[PDB]
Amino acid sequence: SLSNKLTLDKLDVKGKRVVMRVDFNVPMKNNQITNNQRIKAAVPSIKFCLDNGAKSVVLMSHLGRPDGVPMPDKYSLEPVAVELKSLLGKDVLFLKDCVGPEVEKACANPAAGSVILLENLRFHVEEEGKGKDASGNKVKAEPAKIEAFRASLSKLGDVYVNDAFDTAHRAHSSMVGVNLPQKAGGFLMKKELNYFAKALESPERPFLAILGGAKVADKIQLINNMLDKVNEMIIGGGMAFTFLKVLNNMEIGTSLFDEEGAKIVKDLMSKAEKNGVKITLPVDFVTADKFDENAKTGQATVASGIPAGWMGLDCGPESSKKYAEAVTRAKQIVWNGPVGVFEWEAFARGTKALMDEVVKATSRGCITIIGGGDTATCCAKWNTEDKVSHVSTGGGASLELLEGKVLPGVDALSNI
């Protein structure tokens, strides 16, 4: 299935106008781009089109949270057009809208090899289908205007490419509303489809899931679905304290505890036993007197408990050994969620040590897949993006795939 979607390498673009949805939602500090990695990531798809004789590449994206009102002073894509030109080595024409007669005329039959970047899709309520007015009240798009917006986008190319996996979980106009005969995943999308097909359809084995992060209750369906796919699961991060309080009566102090998640811990452990999944929980911890980067630190074990007032913010050295044992056994790994508060150096050792192990595993042929969002931020922070098999470009989207969902943007792509 994820396997059988049309991708850009299989799409004839010679003489065609290409309308391409890209992820240019770059971090900003008052209109200046603080990280251009997303822009670089789209260059292979763009260059492929140009190298294979595309008449034009029209780029559409969003930036920030305009909520369906034009906010060009705060969330304009104009700075991205400057940065893209530098990265591509080609002129980029920036348009101050993304739909309407002037845009359509500009994109109808441009000079061959033209690269065009449109203004922020989310200045229009029709993109998301909803937004907020100037009073901050919810507005709903009108069907006739959604149809018009979609029809306008559809005029801007002869074929469609979606290289914006980070939005593919949303049934937005630019994801599902472009009415062209061929709709292909770009090269970023292709890597997401391929690697998550390994995670979901045909894993190498033993297959290990490393599930960390903060909250349990938002990860129930993720854990549940992964328990149908994996042979081993590490449960780490803040989630672990709910499991340990329930199963061991551990004293956890002020560590994160999920009162709803607590009521399904035994249900998940039961499913793991039923499917033969080996669960690895942490056994030791770095503690902190408060949730702060420069908190006083201590140590604890499951047996010692955590003192009243104190929280467990990372795993300890014996946990790291047990985690490394599981990684050593694995031929495929999916990792969603850091195993400690990686943002702060005092509480990053567990996540860094585990990253080191996943990198070593990759070196001897382990297929290693990092989910988007905070686990991906870890790879960027320690320069390991090139040393694991795959770092997903979409946090929410990777999580929804791993839950077992059909992503509307993926489903909209042409088959075969």
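Residues carry their position along the shown sequence, with the first being 1.
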| message | Mean Cα B factor from the PDB record: higher for 234-242, or higher for 202-210? | response | 202-210
| Of the two stretches 85-93 and 296-304, which shows the higher Cα B-factor on average in the entry? | 85-93
| Maximum C-alpha temperature factor, selected from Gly316, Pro72, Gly337, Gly157 | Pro72
| Among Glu147, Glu127, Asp163, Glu102, where is the Cα temperature factor highest, going by the PDB entry? | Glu102
| note | Tertile call for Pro408 (CA temperature factor, within chain, third-based) is the lowest
| Lowest, middle or highest third: where is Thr287 by C-alpha B factor in its chain? | lowest
| task | Looking at the entry's B-factor column for C-alpha atoms only, identify whether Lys138 ranks in the lowest, middle or highest third of its chain. | result | highest
| note | Tertile call for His172 (CA temperature factor, within chain, third-based) is the lowest
| remark: Split the chain's modelled residues into thirds by Cα B-factor; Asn31 lands in the highest
